[PDB]
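So the protein sequences, as listed, match chains A and B. Basically my numbering = 1-based index in the first sequence + 237. In terms of my numbering, the second sequence has 35 at position 46, counting the first letter as 1, and numbering is strictly consecutive. Right, one structure below, let's go through it.
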Amino acid sequence: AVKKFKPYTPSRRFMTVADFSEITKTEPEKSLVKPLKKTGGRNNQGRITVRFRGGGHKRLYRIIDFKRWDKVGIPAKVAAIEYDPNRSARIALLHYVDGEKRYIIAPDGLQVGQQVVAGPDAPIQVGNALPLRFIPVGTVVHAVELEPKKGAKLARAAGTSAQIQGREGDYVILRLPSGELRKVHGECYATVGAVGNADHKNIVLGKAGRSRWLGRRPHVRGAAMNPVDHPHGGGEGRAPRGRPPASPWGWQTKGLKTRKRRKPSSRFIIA
Amino acid sequence: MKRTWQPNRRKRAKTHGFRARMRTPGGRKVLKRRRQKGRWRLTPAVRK
RNA sequence: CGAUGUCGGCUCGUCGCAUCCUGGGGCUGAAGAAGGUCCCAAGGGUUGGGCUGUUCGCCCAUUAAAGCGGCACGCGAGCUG
RNA sequence: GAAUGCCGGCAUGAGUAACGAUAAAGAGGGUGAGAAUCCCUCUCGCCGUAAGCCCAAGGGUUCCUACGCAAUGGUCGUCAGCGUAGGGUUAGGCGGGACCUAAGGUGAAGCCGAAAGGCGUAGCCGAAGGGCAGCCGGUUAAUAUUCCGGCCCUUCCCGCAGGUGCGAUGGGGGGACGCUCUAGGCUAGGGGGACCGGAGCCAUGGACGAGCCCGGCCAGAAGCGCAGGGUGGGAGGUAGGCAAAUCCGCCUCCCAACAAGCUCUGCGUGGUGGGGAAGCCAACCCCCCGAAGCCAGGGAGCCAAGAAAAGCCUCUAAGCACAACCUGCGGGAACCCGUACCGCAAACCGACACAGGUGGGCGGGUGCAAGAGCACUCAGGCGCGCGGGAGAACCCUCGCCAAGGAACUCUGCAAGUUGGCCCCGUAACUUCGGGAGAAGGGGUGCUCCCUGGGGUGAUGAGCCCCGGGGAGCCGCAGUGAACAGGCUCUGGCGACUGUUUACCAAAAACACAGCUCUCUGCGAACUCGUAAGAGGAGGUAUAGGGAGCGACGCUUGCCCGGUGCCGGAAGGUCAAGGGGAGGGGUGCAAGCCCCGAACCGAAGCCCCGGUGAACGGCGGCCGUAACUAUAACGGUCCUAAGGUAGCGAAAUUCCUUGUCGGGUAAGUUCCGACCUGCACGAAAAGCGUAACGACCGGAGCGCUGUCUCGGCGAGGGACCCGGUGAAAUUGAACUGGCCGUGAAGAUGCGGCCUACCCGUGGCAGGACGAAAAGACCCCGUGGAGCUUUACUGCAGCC
RNA sequence: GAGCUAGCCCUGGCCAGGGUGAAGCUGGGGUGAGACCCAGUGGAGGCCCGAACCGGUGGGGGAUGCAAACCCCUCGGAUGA
RNA sequence: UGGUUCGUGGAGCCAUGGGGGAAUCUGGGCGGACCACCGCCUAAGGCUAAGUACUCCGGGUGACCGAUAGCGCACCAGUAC
RNA sequence: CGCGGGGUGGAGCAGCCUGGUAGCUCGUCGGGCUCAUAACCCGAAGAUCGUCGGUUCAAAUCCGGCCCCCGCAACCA
RNA sequence: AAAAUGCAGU
RNA sequence: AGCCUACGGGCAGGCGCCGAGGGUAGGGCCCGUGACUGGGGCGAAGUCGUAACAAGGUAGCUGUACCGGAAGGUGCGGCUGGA
Ligand SMILES: [Mg+2]
Ligand SMILES: [Mg+2]
Ligand SMILES: [Mg+2]
Ligand SMILES: [Mg+2]
Ligand SMILES: [Mg+2]
Ligand SMILES: [Mg+2]
Ligand SMILES: [Mg+2]
Ligand SMILES: [Mg+2]
Ligand SMILES: [Mg+2]
Ligand SMILES: [Mg+2]
Ligand SMILES: [Mg+2]
Ligand SMILES: [Mg+2]
Ligand SMILES: [Mg+2]
Ligand SMILES: [Mg+2]
Ligand SMILES: [Mg+2]
Ligand SMILES: [Mg+2]
Ligand SMILES: [Mg+2]
Ligand SMILES: [Mg+2]
Ligand SMILES: [Mg+2]
Ligand SMILES: [Mg+2]
Ligand SMILES: [Mg+2]
Ligand SMILES: [Mg+2]
Ligand SMILES: [Mg+2]
Ligand SMILES: [Mg+2]
Ligand SMILES: [Mg+2]
Ligand SMILES: [Mg+2]
Ligand SMILES: [Mg+2]
Ligand SMILES: [Mg+2]
Ligand SMILES: [Mg+2]
Ligand SMILES: [Mg+2]
Ligand SMILES: [Mg+2]
Ligand SMILES: [Mg+2]
Ligand SMILES: [Mg+2]
Ligand SMILES: [Mg+2]
Ligand SMILES: [Mg+2]
Ligand SMILES: [Mg+2]
Ligand SMILES: [Mg+2]
Ligand SMILES: [Mg+2]
Ligand SMILES: [Mg+2]
Ligand SMILES: [Mg+2]
Ligand SMILES: [Mg+2]
Ligand SMILES: [Mg+2]
Ligand SMILES: [Mg+2]
Ligand SMILES: [Mg+2]
Ligand SMILES: [Mg+2]
Ligand SMILES: [Mg+2]
Ligand SMILES: [Mg+2]
Ligand SMILES: [Mg+2]
Ligand SMILES: [Mg+2]
Ligand SMILES: [Mg+2]
Ligand SMILES: [Mg+2]
Ligand SMILES: [Mg+2]
Ligand SMILES: [Mg+2]
Ligand SMILES: [Mg+2]
Ligand SMILES: [Mg+2]
Ligand SMILES: [Mg+2]
Ligand SMILES: [Mg+2]
Ligand SMILES: [Mg+2]
Ligand SMILES: [Mg+2]
Ligand SMILES: [Mg+2]
Ligand SMILES: [Mg+2]
Ligand SMILES: [Mg+2]
Ligand SMILES: [Mg+2]
Ligand SMILES: [Mg+2]
Ligand SMILES: [Mg+2]
Ligand SMILES: [Mg+2]
Ligand SMILES: [Mg+2]
Ligand SMILES: [Mg+2]
Ligand SMILES: [Mg+2]
Ligand SMILES: [Mg+2]
Ligand SMILES: [Mg+2]
Ligand SMILES: [Mg+2]
Ligand SMILES: [Mg+2]
Ligand SMILES: [Mg+2]
Ligand SMILES: [Mg+2]
Ligand SMILES: [Mg+2]
Ligand SMILES: [Mg+2]
Ligand SMILES: [Mg+2]
Ligand SMILES: [Mg+2]
Ligand SMILES: [Mg+2]
Ligand SMILES: [Mg+2]
Ligand SMILES: [Mg+2]
Ligand SMILES: [Mg+2]
Ligand SMILES: [Mg+2]
Ligand SMILES: [Mg+2]
Ligand SMILES: [Mg+2]
Ligand SMILES: [Mg+2]
Ligand SMILES: [Mg+2]
Ligand SMILES: [Mg+2]
Ligand SMILES: [Mg+2]
Ligand SMILES: [Mg+2]
Ligand SMILES: [Mg+2]
Ligand SMILES: [Mg+2]
Ligand SMILES: [Mg+2]
Ligand SMILES: [Mg+2]
Ligand SMILES: [Mg+2]
Ligand SMILES: [Mg+2]
Ligand SMILES: [Mg+2]
Ligand SMILES: [Mg+2]
Ligand SMILES: [Mg+2]
Ligand SMILES: [Mg+2]
Ligand SMILES: [Mg+2]
Ligand SMILES: [Mg+2]
Ligand SMILES: [Mg+2]
Ligand SMILES: [Mg+2]
Ligand SMILES: [Mg+2]
Ligand SMILES: [Mg+2]
Ligand SMILES: [Mg+2]
Ligand SMILES: [Mg+2]
Ligand SMILES: [Mg+2]
Ligand SMILES: [Mg+2]
Ligand SMILES: [Mg+2]
Ligand SMILES: [Mg+2]
Ligand SMILES: [Mg+2]
Ligand SMILES: [Mg+2]
Ligand SMILES: [Mg+2]
Ligand SMILES: [Mg+2]
Ligand SMILES: [Mg+2]
Ligand SMILES: [Mg+2]
Ligand SMILES: [Mg+2]
Ligand SMILES: [Mg+2]
Ligand SMILES: [Mg+2]
Ligand SMILES: [Mg+2]
Ligand SMILES: [Mg+2]
Ligand SMILES: [Mg+2]
Ligand SMILES: [Mg+2]
Ligand SMILES: [Mg+2]
Ligand SMILES: [Mg+2]
Ligand SMILES: [Mg+2]
Ligand SMILES: [Mg+2]
Ligand SMILES: [Mg+2]
Ligand SMILES: [Mg+2]
Ligand SMILES: [Mg+2]
Ligand SMILES: [Mg+2]
Ligand SMILES: [Mg+2]
Ligand SMILES: [Mg+2]
Ligand SMILES: [Mg+2]
Ligand SMILES: [Mg+2]
Ligand SMILES: [Mg+2]
Ligand SMILES: [Mg+2]
Ligand SMILES: [Mg+2]
Ligand SMILES: [Mg+2]
Ligand SMILES: [Mg+2]
Ligand SMILES: [Mg+2]
Ligand SMILES: [Mg+2]
Ligand SMILES: [Mg+2]
Ligand SMILES: [Mg+2]
Ligand SMILES: [Mg+2]
Ligand SMILES: [Mg+2]
Ligand SMILES: [Mg+2]
Ligand SMILES: [Mg+2]
Ligand SMILES: [Mg+2]
Ligand SMILES: [Mg+2]
C-alpha cells in the first residue's frame, strides 16, 4: 500500500516504506526446518565478481517449496503470510494436513486459513499448482517451472505472472512477465494466480543509506574513474564519453545484444 | 602515529609458520633454501 | 641547468638627475596676481583612502608637491605568497 | 690526488645548538670517598573519567632480596627498568585444552589441471560466540578465587538401597538471538543522621557545643520470605518429521485461561566465618538518592526482519533386559598448559627512558540545569633524570591600553565581540518540516515571610524532587571564577547527512536517493578461473548486469549524411573444403606424382532500412519601413540538419574596468540590467529551488592592537656560571672598500683608498652562501603510464 | 607480503548528558457517513546541541622536531552510509 | 607444428595434436619434392657395462691470497644486526 | 608577425584542377494578361573577370608583386 | 480543385 | 538633617509609580522615484501578408493544448450565432 513520511527530515520527505498489513499475523519466521545460515559474501574464491555488493543487514534464509508436486493431492491450510527479506514477494506459510508444513511464495489474494493444494486436478484457483497442461488457456499463474521436475524459476517477484496463451502439442505457450513468448513443457507445473505485493515497485528508498541496508555499496560511474580503470575514465575536465558507451571490460553497453547465438534454448521462444 | 608493525602471535605463527611453509611448494623451497644456507632459525622463531 | 628562487607587497634604505615641490635666475604674447618656457640647483621634502594579486592606472579627499629611474624589474639564509 | 668513489681513523662547525612538554619547588635529618639528583621527615605544586585502580594483546625475568657503579641513564648517582648472585609464578571450581560449532581453512567420495597444483561432499580444524563447577577473608620480601581458614560446589568410578523398557552418531524440542523506546521490583554505588562506637581537640577574639574529628560493613549452604523468567492440562485419530517411534507435527473432543499450580533465577534474610577508622612509641543502626548493571528468554513499537553446534530434555533402532539408565547415600578418582612483573606505558608498536599510537571494565565527593563537561578535591599517583643566576635585543605563549575603530590586508587572516539557563519576542521565503538559538530584549547573588503540588513514608515528621508570591541587603559586576554562538543582507556551486588525495588540494570533486537507455527467460546476461568450480543467486523481468543523469519543480527542441548498435531467408564479395573442364613430371607400360578452370561453399564486409537520455552536429552573403535608425519582409548560396525553450560580459566574454543602473567620498571585485553569446543551451542535461555547507564571492551592524603606531607587563628560551655535548658544511687560506679588468656580477688580477692584534652579543648585503648530478627547457634512434579509425599480434567472441 | 593500508566475511563491544516532538493510538469537535480540525498521549529521525569516540577547517608553533606528519588554539560527524 | 644447418623455401628425413586409414616379405620405410631405375635398412615392445659429466666429501699440489687479500666467516658467522 | 580561402553582369553563386566556349537563380528593360497591382506568360539588355607585370600563338583560367575581404594560429616558460 | 491586394479627405 | 511651630502635626528635602518625549531593535500599510522591462490607448495617405464578413474561397465561433514573422494553423470536445 506504500506508507509515506512527513518532511520532518530530508531524505524522509521522499522516502516511503512498504505497508505490512498483507504480512502481519506472523513476524518471526518458522523456526522449524525453515531458516538456514544464509551466507553473505559478494564474490567467489577470492576476487569480487559482482562489484558494489556487500554491507547490508543480517539476513536468515527461508527454504520455500519451489516444486509443490512433492505433496500431490495433500491439501493444506495457509497458516500465515510472513515477510521475507530474501525476496520481493511475500511468502505464505502453510500447514499441510499431512502434518508437515512448508513455505510458498505468497500469491496475490491468497488469504489466511483458506485451504489450498496442488495436483493434476486441484480447483483452478489461487494457490493451486497443476502441470501447466491442465490450466485453462488464459488464467494467470506464478511460480512456473521451465522444465518438468526442475522447480519454479519463472514469475516469482512481487507482481510478476505469466499467462497461458494457448496449447501447442506436447507444449504450451506462455507470455512470460518480460513479455517474451515462451513455450514451456506441458508437464511443467505452475501455481494459479499472480505474485502479490505488487506495490513493491513504488517504495522509494529515500536516502543513500537503505540502499546500503539492502547490501548495495555506492556504485561509481565509469566516467569518474581514469583511463587506467574504466574506458570512459580520464580526460582533463569532465567528458562526453568518447564513443560509444562501454562497460568497464570493453563491450558496448547501449544496444549490443548478448544472449548466446546458437543456444538450443531458442526454438521455444518468440518476442 | 599507529605504525606498521602490530605484533600478534597467532598471526606470525600462522603466516610464517614452519607448517605454513611446508604446505606450499613455494614455502617448501624457502626452507630448503635456508637450511642450505645454514640459518639458525628457518621459521621466524615465535613462542606461545 | 652537480639549481644565479621567478611578479607584486612589506621592511630597510642608498644612489642618479633628464627636478614634482621648496631656493636662485633669463626670456615671456611678463601690468598685478598667476601662468608658460628655459637655466642653475637634490639640501630636505614628496599624503591618506576606493578598485585590482597587480606594477600601472582610474577615481575620492587633501597638498608646497603629491618627480622619474638604478640598485639581480634593490631587498624570500629579512617576512608575505 | 681527485670517480658527490669504497672501507677505516681523526678533524672543522664548538665548548656552539641541545639536554625531550612552563605540573614547581624549599629545608632539616641520614647515608657515603663523593650527594641539587639516594633514603627519611616537614612545607609546597600537579593529576584525580586520571597523570588512580583491574583485564586483555604484546614484551619475556624487566618481579622480590643482597652486594655493586666501568658502561647504560641526554647531568649527577651512593640510585636504577643497569651488572652479579640467590630466591620467586602452587588451581577438579579462573583462563585455554581430553566440549560445540561461525567465517574461513582442511578434506575419505568425487571433479579439474603439462608438472607444480586448483576445486570439493562429509568429517575435521577454527573463538573474545555457545557450554561449564568458587565466594569472603588471612598469610609472603616476592604467588594467591591457585597456599591457608570458613562456608559451598562439579564431574567421573565403585558399592549399596530404592526407581524405570533401558538404549543411539539417529528423530524432535530446546539451545536461538535485530534496533530504538521502556515497566516493576532489586543490587552496585552515593548523600545525610539530632543515633551507635572511638582515641583525642577547645587554638587566635568567641564556642565544653544536638560541637570538631573518625568510622558505623563484607561473604554466607538448606529453609523462608519479596521481585520476576519460563509453562495450557485431556483423550482419541494420522496420509508428515526421507516413519524404525507411545516424541514432535497436524486435524477433532470435555474441562481450563488480564490466572493457579509446577519450575528456574535474582535479591533480601539466614547457622555461622571475617573485617573493622582517626589517634599519642571497637560499633556494625536509621532515613534519602539510585543505575547504562540484575530478575532476562520482561514488555511495547519499528523495518532493513535479526548465526551455527554441542551441553540439555524427550522419542523410539538394532541391541539388551543377569544388562542398562534414573534418584539417593556413601567410599574413592579428578590429568596437561597458563598464573612473576609492565600493561595509555621508561618494560607494548614508534632506531631513543621518544609530548605520537593502543581494545574492555571501575572511575568517589562538592558546585555549575544536566553530564563521562568544567573548577576544586577523596583514594591513590605524580613535580615530567640537568641544575644555578641574570631580567639586553630578538622569538614563543599570555595579559592590558589613551583617542580612532578595518584606515590593516589578497582576505577582518589573526584576535576580539557573542557566549549557559529562564521568560518576552522573532521577518523574507518555504518542499509547511523548516528558516529559528532568525534577529532584538529582560531575568540571573544572598536574606526573611507566605504558599502550591510530587516521590518515600503511613495519610502525619523527616528525607528528598519541581516550583509560586511579597518584602529586603551588598557590590563596578550575581551563569561574580571554569567549561560557554558574534549577528544580518545578498550572489555562485552542489539538493540534502555522507566520501577523498595516509603525508601540501575536503571542493563546486566521488557517492547519494531518483530519471532514462540498454542488456538478460535462467546451465540468464555479466564477472573470476586453463579448466573443475564459484559470484550473479539457493535470486528469476516489480529480478539481475552495464551506461549516462543525479532530490525536487518546469522542461529536455531540429539533424541517421558519416560512426556505433538493431533489424534485413535477396543481391555483391568471401577462406578452407567440395568440384574437377584442362594442362605438367616421369615410366615400355599399367600407373604413381603434380598443378588446375566453371560452379557450389560461412561469418564478416558492401548493401537496404531503423536508431539521439547511442558517438556526435545543430551556417553565410546581399536588400527592404514616408526623418533617420533599424529590419517584422525579400533574394541567393550551402547543409545530414542549420541552435527551439530557457539563460547569457556567466566557474563560459577575447576586445573588457563593455555600457547603463545600485552600493561607496571613491568600487578592474560585487548586485540588477542590456545582449554583436571571440567561444551558453537542454540528462558530458537546461532554467530554477525551500533547506543544508569548516565550499567561493560582495556588502552592513556589533567588536577589536589588523592598522594609524606603538607602549608596558608575565612567563619559556635567548644572555652568565657548573655539568654532558651534536650537525650539515669544509681544496687550502695569512678571506677589506672603490673604479677598472677578467669566460661578461672579484677578499685572491690592476690602480687608488682604508686597515693595530683577538674575541663577545647581535643583523643578514655578499661569499653567484647550504641543501638536492634542475622539476621547466632541449638533447638520448633512453624509460615508463595513457590513447586511438598508427603497426602487428593475443585473450575473447562470430 | 592485506601484523600498515583498501574492501568484504564471521563474532563481539562502544556511543555522557541535554533538545526538537513525526506516525500512531485516545478524547473532543465534524459530517449523512467522511476527509479534516483540535487538545492530550506518544517517542520517530543518514533530526538539533555537545563529551567519550571517529575526524582534520583555519591560524600559529614546529622544520639537524617531542614526532620521517608532532603540539596549541580553533573547527566537522557524534543512532549511523 | 616441433627438431636439424634448414626462417615455407624445390623441403625430404625425425617426432606428432586433428581427419582418413593398410599390408606381414609379390610386406614396408629410406637414399632431400616427384617418377623410374639401382642400392641401404627392417618401424609401430624392452634391457645393456665401459669410455663421458659433477666436486658436498678425503688427499696432493701451486712463477694462488696473506686479515680492505683470500670464501661472506683465519676469531663461537650465515652469527651480531 | 605568421598559415588559409576568396574577389566575375545589380545581388547571391558557378566556370579557375585539366587555357581558347563566361553558366544559374534573381533582379533590370520592352511587350502582353487584368479596371489596376502583384503574381504569372513572351522577348532582350548588361560582366577593366580586383589591380601590375610574366608565360603562351591565345589566359578570368598557369605564374609570381601588390590592394583589399572573411577564416585559423600565436604554444613551454 | 488551387487564385493575393485596391492610399487620405469626400 | 534643616525652617517656622499652632507639635502624633505642616514645609523643605528624599525614594517610588506613571509619565511627554528621546534612543535601539523588528514588523505592517500607503505614496513618490528607479537602469531595464511588459503590454496598452492614440496619432491624413509607412512595411508583410489577408484571419473574419458572401461555402470569404479550409463554415464560424468557442474552452483547452501544441506550434508559427504576423494575422493564424492543427488536435480533442462543444455551440449554430453554418449548411
Ligand atoms: Mg573456500
Ligand atoms: Mg585460498
Ligand atoms: Mg554513481
Ligand atoms: Mg578523476
Ligand atoms: Mg589497478
Ligand atoms: Mg582503456
Ligand atoms: Mg573519455
Ligand atoms: Mg588480525
Ligand atoms: Mg655548485
Ligand atoms: Mg622658480
Ligand atoms: Mg607676476
Ligand atoms: Mg629624492
Ligand atoms: Mg627609488
Ligand atoms: Mg627588466
Ligand atoms: Mg626583484
Ligand atoms: Mg596561491
Ligand atoms: Mg689524477
Ligand atoms: Mg670517510
Ligand atoms: Mg657559533
Ligand atoms: Mg649562543
Ligand atoms: Mg643553550
Ligand atoms: Mg626533562
Ligand atoms: Mg662508596
Ligand atoms: Mg658521613
Ligand atoms: Mg594489538
Ligand atoms: Mg602474555
Ligand atoms: Mg637482565
Ligand atoms: Mg643496594
Ligand atoms: Mg654507572
Ligand atoms: Mg652518567
Ligand atoms: Mg626493581
Ligand atoms: Mg637487577
Ligand atoms: Mg578446590
Ligand atoms: Mg568440531
Ligand atoms: Mg584445498
Ligand atoms: Mg568447505
Ligand atoms: Mg565463551
Ligand atoms: Mg571454567
Ligand atoms: Mg604483586
Ligand atoms: Mg581452598
Ligand atoms: Mg520393544
Ligand atoms: Mg549501601
Ligand atoms: Mg559520638
Ligand atoms: Mg493440546
Ligand atoms: Mg497425537
Ligand atoms: Mg546477606
Ligand atoms: Mg586495625
Ligand atoms: Mg559434532
Ligand atoms: Mg524412553
Ligand atoms: Mg597478577
Ligand atoms: Mg584503558
Ligand atoms: Mg619505548
Ligand atoms: Mg624521561
Ligand atoms: Mg611515550
Ligand atoms: Mg565526579
Ligand atoms: Mg552544567
Ligand atoms: Mg560509567
Ligand atoms: Mg576533565
Ligand atoms: Mg588540582
Ligand atoms: Mg634557566
Ligand atoms: Mg585601544
Ligand atoms: Mg576606549
Ligand atoms: Mg564602534
Ligand atoms: Mg565596516
Ligand atoms: Mg592599503
Ligand atoms: Mg577569523
Ligand atoms: Mg571564542
Ligand atoms: Mg527582511
Ligand atoms: Mg536565505
Ligand atoms: Mg537569543
Ligand atoms: Mg553576596
Ligand atoms: Mg582550564
Ligand atoms: Mg580562562
Ligand atoms: Mg559571478
Ligand atoms: Mg555537497
Ligand atoms: Mg558533508
Ligand atoms: Mg592530503
Ligand atoms: Mg568539509
Ligand atoms: Mg587539508
Ligand atoms: Mg531483452
Ligand atoms: Mg551457479
Ligand atoms: Mg554529474
Ligand atoms: Mg534516421
Ligand atoms: Mg546522423
Ligand atoms: Mg540510416
Ligand atoms: Mg548487422
Ligand atoms: Mg555471407
Ligand atoms: Mg558528424
Ligand atoms: Mg530608409
Ligand atoms: Mg551613487
Ligand atoms: Mg559601474
Ligand atoms: Mg575589497
Ligand atoms: Mg551582472
Ligand atoms: Mg554558439
Ligand atoms: Mg556543447
Ligand atoms: Mg537533446
Ligand atoms: Mg548531452
Ligand atoms: Mg548538473
Ligand atoms: Mg540556491
Ligand atoms: Mg557536511
Ligand atoms: Mg568596503
Ligand atoms: Mg601588536
Ligand atoms: Mg614586549
Ligand atoms: Mg620575560
Ligand atoms: Mg655551559
Ligand atoms: Mg686579514
Ligand atoms: Mg668587478
Ligand atoms: Mg683588489
Ligand atoms: Mg660576532
Ligand atoms: Mg648575509
Ligand atoms: Mg638569524
Ligand atoms: Mg646554492
Ligand atoms: Mg643535470
Ligand atoms: Mg615536462
Ligand atoms: Mg624508445
Ligand atoms: Mg586488515
Ligand atoms: Mg568506556
Ligand atoms: Mg544521547
Ligand atoms: Mg499527535
Ligand atoms: Mg544526527
Ligand atoms: Mg554535534
Ligand atoms: Mg580520512
Ligand atoms: Mg567537536
Ligand atoms: Mg556547528
Ligand atoms: Mg550499521
Ligand atoms: Mg599425427
Ligand atoms: Mg615418408
Ligand atoms: Mg623417399
Ligand atoms: Mg634423391
Ligand atoms: Mg627391436
Ligand atoms: Mg679438498
Ligand atoms: Mg706467506
Ligand atoms: Mg704474497
Ligand atoms: Mg674479510
Ligand atoms: Mg696488518
Ligand atoms: Mg566567393
Ligand atoms: Mg558578386
Ligand atoms: Mg515587365
Ligand atoms: Mg594575380
Ligand atoms: Mg579567356
Ligand atoms: Mg585573378
Ligand atoms: Mg602550437
Ligand atoms: Mg607542452
Ligand atoms: Mg499589401
Ligand atoms: Mg481632410
Ligand atoms: Mg516611544
Ligand atoms: Mg516600489
Ligand atoms: Mg480561416
Ligand atoms: Mg480571408
Ligand atoms: Mg474561411
Ligand atoms: Mg518567411
Ligand atoms: Mg501546424
Ligand atoms: Mg471541431
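All C-beta atoms, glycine included, are put in the ideal place defined by N, C-alpha and C.
Three-way DSSP call (helix, strand, coil) for residue i in this model
i, result
"A/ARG419", "strand"
Residue i and residue j closer than 8 Å at C-beta
i, j, result
"A/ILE361", "A/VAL429", "yes"
"A/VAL377", "A/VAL421", "no"
Strand pairing of residue i, partner residues [DSSP]
i, result
"A/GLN282", "For A/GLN282, which the question treats as bridged, DSSP gives no partner whatsoever."
Same chain only: Cβ atoms within 6 Å of residue i, ignoring 5 sequence neighbours per side
i, result
"A/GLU424", "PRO368 and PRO385"
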